[PDB]
Amino acid sequence: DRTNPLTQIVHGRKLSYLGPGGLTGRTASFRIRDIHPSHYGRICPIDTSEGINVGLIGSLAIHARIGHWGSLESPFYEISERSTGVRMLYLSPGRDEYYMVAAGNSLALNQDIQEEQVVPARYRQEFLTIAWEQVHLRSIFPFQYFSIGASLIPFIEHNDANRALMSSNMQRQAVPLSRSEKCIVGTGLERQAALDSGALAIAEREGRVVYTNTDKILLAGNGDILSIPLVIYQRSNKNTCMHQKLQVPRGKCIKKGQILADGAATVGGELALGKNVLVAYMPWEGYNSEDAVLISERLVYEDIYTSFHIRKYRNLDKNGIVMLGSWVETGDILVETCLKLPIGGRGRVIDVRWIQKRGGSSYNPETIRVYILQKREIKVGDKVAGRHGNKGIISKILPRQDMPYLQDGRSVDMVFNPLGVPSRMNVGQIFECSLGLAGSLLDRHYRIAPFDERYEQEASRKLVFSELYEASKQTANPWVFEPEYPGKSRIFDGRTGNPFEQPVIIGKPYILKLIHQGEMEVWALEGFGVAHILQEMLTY
Amino acid sequence: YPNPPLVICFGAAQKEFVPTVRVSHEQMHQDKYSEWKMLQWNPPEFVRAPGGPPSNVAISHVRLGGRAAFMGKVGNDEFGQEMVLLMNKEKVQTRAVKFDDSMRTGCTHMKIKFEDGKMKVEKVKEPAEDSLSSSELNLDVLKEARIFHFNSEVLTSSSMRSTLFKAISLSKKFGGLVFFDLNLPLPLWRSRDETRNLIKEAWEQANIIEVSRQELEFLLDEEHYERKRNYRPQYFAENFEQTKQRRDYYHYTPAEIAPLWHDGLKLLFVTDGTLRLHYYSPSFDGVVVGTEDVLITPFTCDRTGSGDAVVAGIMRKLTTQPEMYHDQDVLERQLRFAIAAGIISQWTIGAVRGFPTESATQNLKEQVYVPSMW
Amino acid sequence: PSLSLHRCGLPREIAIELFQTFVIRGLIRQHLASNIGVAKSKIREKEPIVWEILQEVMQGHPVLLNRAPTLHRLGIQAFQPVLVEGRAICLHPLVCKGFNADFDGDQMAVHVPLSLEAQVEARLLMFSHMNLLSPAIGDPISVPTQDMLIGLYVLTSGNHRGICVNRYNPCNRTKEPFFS
Amino acid sequence: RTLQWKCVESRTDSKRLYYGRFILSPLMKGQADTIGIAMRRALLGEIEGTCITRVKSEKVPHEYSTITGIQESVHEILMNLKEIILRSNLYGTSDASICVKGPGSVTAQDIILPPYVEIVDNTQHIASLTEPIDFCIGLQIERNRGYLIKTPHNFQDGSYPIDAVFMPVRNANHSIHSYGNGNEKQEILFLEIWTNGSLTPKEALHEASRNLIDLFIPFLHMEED
Amino acid sequence: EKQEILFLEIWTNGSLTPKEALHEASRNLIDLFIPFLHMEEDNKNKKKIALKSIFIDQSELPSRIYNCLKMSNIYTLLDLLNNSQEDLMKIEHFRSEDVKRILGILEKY
Amino acid sequence: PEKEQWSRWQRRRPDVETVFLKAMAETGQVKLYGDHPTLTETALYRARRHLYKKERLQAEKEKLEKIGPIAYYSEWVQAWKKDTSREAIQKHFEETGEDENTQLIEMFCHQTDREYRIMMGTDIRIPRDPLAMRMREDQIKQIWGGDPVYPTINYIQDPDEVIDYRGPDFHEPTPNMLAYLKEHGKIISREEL
Amino acid sequence: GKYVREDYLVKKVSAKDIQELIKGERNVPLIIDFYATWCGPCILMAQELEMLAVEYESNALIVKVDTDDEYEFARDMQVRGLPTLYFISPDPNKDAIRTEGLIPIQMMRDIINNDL
Amino acid sequence: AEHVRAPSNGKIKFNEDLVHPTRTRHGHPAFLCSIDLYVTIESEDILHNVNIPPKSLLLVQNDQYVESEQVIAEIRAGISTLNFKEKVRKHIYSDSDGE
Amino acid sequence: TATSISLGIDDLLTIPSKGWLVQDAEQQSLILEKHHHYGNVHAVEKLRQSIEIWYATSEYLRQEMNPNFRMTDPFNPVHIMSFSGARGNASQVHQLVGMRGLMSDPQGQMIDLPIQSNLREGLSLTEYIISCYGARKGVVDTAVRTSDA
Ligand SMILES: [Mg+2]
Ligand SMILES: [Zn+2]
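Residue numbers (the entry's author numbering), protein chains in the order written: chain A, 379 to 691, 718 to 739, 772 to 953, 986 to 1008; chain B, 113 to 486; chain C, 395 to 567, 584 to 590; chain D, 11 to 235; chain E, 194 to 236, 262 to 327; chain F, 243 to 435; chain G, 63 to 178; chain H, 349 to 447; chain I, 51 to 199.
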């Protein structure tokens, strides 16, 4: 799946219970689908393929490997008074059960030796609180229990697991846009994701860059010159353009493993699947009664959510093939006898290749492959989704003058419905919005590791409010952090210019663009009593 | 004079300098520095809370609330001006630092002279190691100061020993205490006789000394304590608490430190490092307990500067609380602050980058200990 | 929100794909068309006359909308199509709430009756204003949604009345004038 | 003549970013809100601008193909030409051209314009050249309002249209404060205007006022039958 | 092309016809927007941070003055240049001899 | 228990209500039993919150009507050091013939953009609580409980920064499968075969 | 390895290799770097040394020695702190340069281009 | 199911002659009331009385200072639970080695 | 649209007394666990007490949530959304502003460790792992019930 660099790395980490010599869909009992205490740190508890094949398709954890016996193992840290005292051991699922595994901090002192203090531990597939003298192993990695999709969700401690699964599913359905931008608030794993994606040109040798060009890059090391090609507007397997940009000037030194050229949906070596937009949470004339978004018109003429799509199949030449640069329309033929573009497909023919020789062991000119490019601007009906499970369908586009504006005088880009927040149980989105606004005002980017409450209680609140107040005091914008209601600000109406009677949430979240834009009917028609309509439908 | 008493951090200015360098038994890969972080989770005994130059101490003292003045000499190169800038940006008074356009900061010229053995000699010294007392010591700063901080690095140079002695003389004439934090460099770990005859003049002119546990053992006796910590009872457990087989936090009796006491000494600190802080006064003893939870952030997990934060917290509490000399409970309640500061200073790569503020250290002290402690 | 209970927003391409037969009949009927090929070429040319004739045809012709999952009995309803620009069908919020609307894009099948009997049955029986009570027990299936209930609650909630509106006891010491 | 307005602040953050602040102190009770909202709706969506509408290259197969000697593709060159800020006062269509040769960087100083149109930034980046190749590009300028969708493609072959945006004012904001006159309620009005350099905030204010007056005039004409 | 038609509805209490209300409102709006057009009649170390980032400490000063300026939140030379002599006088324990010495030191370079 | 046990709830939870209660206990608006607001007092303040805001806004309006507009708005114009009393304004009008509005415009002409954005909290449409407008940084930091224990500098990343994959937190570069298997002798080249 | 390239370029030498390289003749500068796996500041010095070795592919010789296996040789070189670099000139009459601390790469370039 | 809680802080005063000694399921010591009793909470200003006659498990002693919102008694859900007895076997695991 | 209701971080309010209930519950749990090691109680009792001393505590919180909202902050946005019947349910609100409480797998199998933190304060790693059980149970019973119906 070459939709985005994320599907390329999350597709190989899948585990399938079904297959040759495996349990079927309906034959599998209900006890197989539920989570087991042995799956900790080895199989992701969040990632699950929805549908009839639920619980049978799972994702492998980050810190997991095969243990020479077809068994998946997880790292653990010894905290026993031994000769070495520190050794990251890989434990088989059967051997780890016999040790005391505790995931807790040592920041506690109650007038004792610090070893008599209690800590939640896991022993014999059961949870219990024991002293610090009885613990043998200790899990210290943050991303040890989650997969790639669940880890890319910032502030995951404040959301439910169902919305985590929804976000992990929606992140796969992301479209690489024309220009990419890094997220202000991230988890810190986008770097390794872009590294292991494969769309980034990494240096295989050390040396200076002596020649930079759009088609190739020349790297000169110890006399030898290495030529590196560059992908320029290629087609993926699911109609997605692939392009690579340069990020190193000419005449600088490089080492093996450092980036020479960028890639699609990546900027600066980090995954970039969306843009930062100013968002307010409020009801607006019922356009967002359901899950729906009322976006501003700035996203249309500023080339924010513009994407490219490449599909394969008077303008006809002498031989009959459509020449390069032709603008085909719905109904135009290019080569029944002549292939015609279907409804909804129109764009520039970038290149045509004649498959005179098939490779199917014969030279089959069954047809000549043609490629069209369609730059799809963001329009009504498109689905925009965040990294916390929030999903919305665009309902209306309004001009810049009709959108609500803040006290600084800037019009909001998107308007979301607030009633969904308590319905789907997502709290991390508010933290993300506030921290993104603070970072945009302070010109900073944040990369936070999950479960920051282990350091102290209410750590995320402090992290967000401190940055908000710093942005409010460095730049003279008191509306950013108001003491009466921190995180909320008063906005105005765009039509009448009157303030609303209640403050609203203001922030800059990271919004992604999604790719996706019988007998019961007969029973219903018989219940209504429309016999002629049913007869006509059956005859049709 | 402002309300917070000013302190002087005399010494040299170096970006990242670990003076305590000894031999470690366990070692890691040669080239892969990505796995060198494992030895900062279980460090050797002598690098559990390393110190640094007095500039880091001044920076941590200013960040924790207070006023610090750095007394040294740097060159007119880019590195010296950069370091001065760094200090200034963090509000460390730098009236004292002097600029000389003769030597380069950090650069020390040496001659190899391979004659039946690698024996190098110093021809030219760095400006950080060459500070004169003819017109460089700023009398004013010395006059307004109450704690004079200096390390044992200045004793490894024959050009700053007399300057340090003159500074101590003036500070004691004006009515200021003298702080001595050893941080023994590499040449000082050869033999205890030479290191004891070389650090004897400054030891007798110090009111507050913060030794390390390994340093205290190296000064008194190393093999004796190494054998004591491996007693291995065979029949029974006498103390009734040796059956759990835990670590050995040995509290040195006041009679063992007797050959190191003198008349002018006011306080002593053993400073095991974020775990135990043995304090010794001429009227009482004690020990405070720490946490050492550096495993909560494995990816940062840097303890390059940890003793500097403890020294800064101790100096702050001494300059603010005068009752720490004739009271034992106040002393513990104030040393818990330095313990919390040293604990926070281990969660960031870089010493100057991760020095905590007063509010964060007080929050950690209130979150770790019980309300009856603070 | 601007649509009524009976009208529905039909995209332009879907509308022309559905009423191609009727618009070709209208072109060949009055004028401006002599054969099926000329009419098809005029319809493909995207002229204003073909859109005007499409609107005149779909002015009063009922259309049927049915969700792909027909779980409930009211999943198949009839509406009057309105020519709207876009690639999404616009429906009423109340009918959407009554048709089990989801966050994801719910596919909608559009069917057009042909015979007179089908049109009469769709206009007299399958409209939304004739089916408002669920057949289970008789409760209204079309009730105000979340936003409407919030608006009504804010309207009819009032405000504070006691210690939250006055600080001290009013026993020591006028309201708005009497509005006629 | 009691109402007095004056430009309180005037700064130039960049050659394509201007800021001006104004005040209207002796204003009355309900007039401030109306003036503010009308001036805001007039400064955002009623002032007009001149931008490049159509670009004609020498010989390229399509807009997504690359060209030798130039780092950026044709699409990036079109996106860079889209951001060029121009200034004009006459409606219609004018032609311009860029004809730079040699290695270097082609900028706005390289665009030759009719005597009516001028440039503001004069330092914007269009493309980069690495080989001594002649770069010859055709341009087309037009004055209008709003943003234009490149739907038509007739009357010319071999030219790629660009979706221009005729919006001189970037952002606007107004604040209303009390005057403290006791019985009579008087209010002070402030105005913030950010322009892209094509016209100063004072000229934008005057033009928005004139446009509002032109919109309100027809109600005073004779009733048509 | 996208043309729009406006539909105004007016309800008057009888004191004036709805047709006159339009003219009155239009004239009032014009009178409110005219004032925006009214016009009155006419009648070593030489770099950037080498001097800007110079904190007061480097420029030698007597102790008294140094301490005073510090309590006054004056650290760099730009903070000293922004503050005038009158407010400088306001600073506690700051004297005229000091103002002449700080001016000299700032001019002695 | 004889020994005081440890807990994560030993420390009180910081809230805006406590900060506002302390701020209004200072200056003598309300009286609290003790120096620290308790939980019942915060719960009561949560219900009676708009009354004190309205009282403070009324006090600000009275001060504005009493001292005059110039002397009132001079708080956010520090570059204008001149007599702001009404007698001084009348004397200036009698001397130079400049009305009060002219002097107000002249004093606003010497105002910075930061000062204007701070003054924008006195709008008639959105009047901010005068207590929060003049709150010190020592009181605002108590809303969330002071500086965090974990340093924020570990989370801050420069926006225009290219990630260096030769760092302590990245694995070794993955070699090409063909070259990796050819070096170890698993695959032989075409010529050598 | 000839098909794959070595990831790391700074080689580890013993106390005898340094003495053999000093007592001989050379035409390129020599950079000695003392380090120990335990020190934190060191992780940051290795990257700078690798970049400096990439910048000078054959115009300089960058080698590193360890203080856990050559402690006596480190003490004989009057080494006081862990991050210590020695810049030795090719002419056997110019003195060496001992630099202690995390110095920037530009200072290393300036030293190599001017002092050595 | 229903847990009687203390209305305010004070002393619990009740006559221990009518209550008969017992052991709670949770292992704590307790008192069982087979008849109606009236407990008094000697608070700063007022008093309070509550109890259930058929089944009351009193978890508190006489002259005991209690704070607010503390579980004092259990109604014991005297109404009978559905009789679906399921017997389950939990296993105790040795923490250390020995005889 | 005129009112523009919105939900914020500080807008989520917890019952004034939570630090007391959780503290006394964990204190009782400690006293029990000490005594267990002395032989004063048996495991079944420990198991039982733990579940109960936690369930009762949680319910006090849930039941008390509504009075707090109506008495103290009547017009709280979350309270408006819950009481009006628009979005959410008392159970959902409780998880956001109170405590998620004890939860077990299908057919018993209690986790034996309670969830003392709501979504605003932030669930621990163990609490998140425990909640994943109920999440999986829900997402599978949905499909099972649909296929059966
Ligand atoms: Mg759906
Ligand atoms: Zn959190």
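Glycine is no exception: its CB is placed at the ideal position from the N, C-alpha and C atoms.
Status (buried if at least 16 other CB within 10 Å, exposed otherwise) for residue i
i, result
"residue 472(A)", "exposed"
"residue 524(C)", "exposed"
"residue 419(F)", "exposed"
"residue 162(G)", "buried"
"residue 357(B)", "exposed"
Bridge partner(s) assigned by DSSP for residue i
i, result
"residue 602(A)", "599(A)"
"residue 394(A)", "435(A)"
Neighbour flag for residue i against chain I, beta carbons, 8 Å
i, result
"residue 444(C)", "no"
"residue 425(A)", "no"
Beta-carbon spacing of residue i, residue j below 8 Å
i, j, result
"residue 504(C)", "residue 443(C)", "no"
"residue 76(D)", "residue 786(A)", "no"
"residue 818(A)", "residue 656(A)", "no"
"residue 809(A)", "residue 925(A)", "no"
C-beta neighbour in chain H for residue i, strict 8 Å
i, result
"residue 75(I)", "no"
Below-8 Å beta-carbon distance, residue i vs any chain C residue
i, result
"residue 131(I)", "yes"
"residue 289(F)", "yes"
Chain B within 8 Å of residue i, Cβ atoms only
i, result
"residue 405(F)", "no"
Interface flag, residue i vs chain G, CB-CB below 8 Å
i, result
"residue 974(A)", "Since the numbering of chain A jumps from 953 to 986, residue 974(A) cannot be located in this structure."
C-beta neighbour in chain L for residue i, strict 8 Å
i, result
"residue 374(F)", "Given the protein chain composition of this structure (A, B, C, D, E, F, G, H and I), no chain L is represented."
Chain E contact for residue i (CB, 8 Å cutoff)
i, result
"residue 243(D)", "In the structure as shown, chain D begins at 11 and stops at 235. Residue 243(D) is therefore absent and cannot be evaluated."
Test: residue i CB closer than 8 Å to a CB of chain A
i, result
"residue 224(D)", "no"
"residue 482(B)", "yes"
Worksheet entry | Runs of beta strand (DSSP E) wholly within the region 480 to 552 of chain C (minimum 3 residues, chain order) | Taking only runs of at least 3 residues, the beta strand (DSSP E) segments lying wholly in the region 480 to 552 of chain C are 502 to 505.
Practice prompt. Write down every uninterrupted run of the beta strand (DSSP E) in the region 63 to 146 of chain D whose length is 3 residues or greater and which is fully enclosed by it, in chain order.
Written response: Counting only runs of 3 or more, we get 103 to 108, 114 to 117 and 135 to 139.
Item to complete: Please specify which runs of the beta strand (DSSP E), each continuous and at least 3 residues long, are wholly inside the region 309 to 384 of chain B, giving them in chain order.
Response: With a minimum length of 3 residues, the continuous beta strand (DSSP E) runs that stay inside the region 309 to 384 of chain B are 320 to 322 and 379 to 381.
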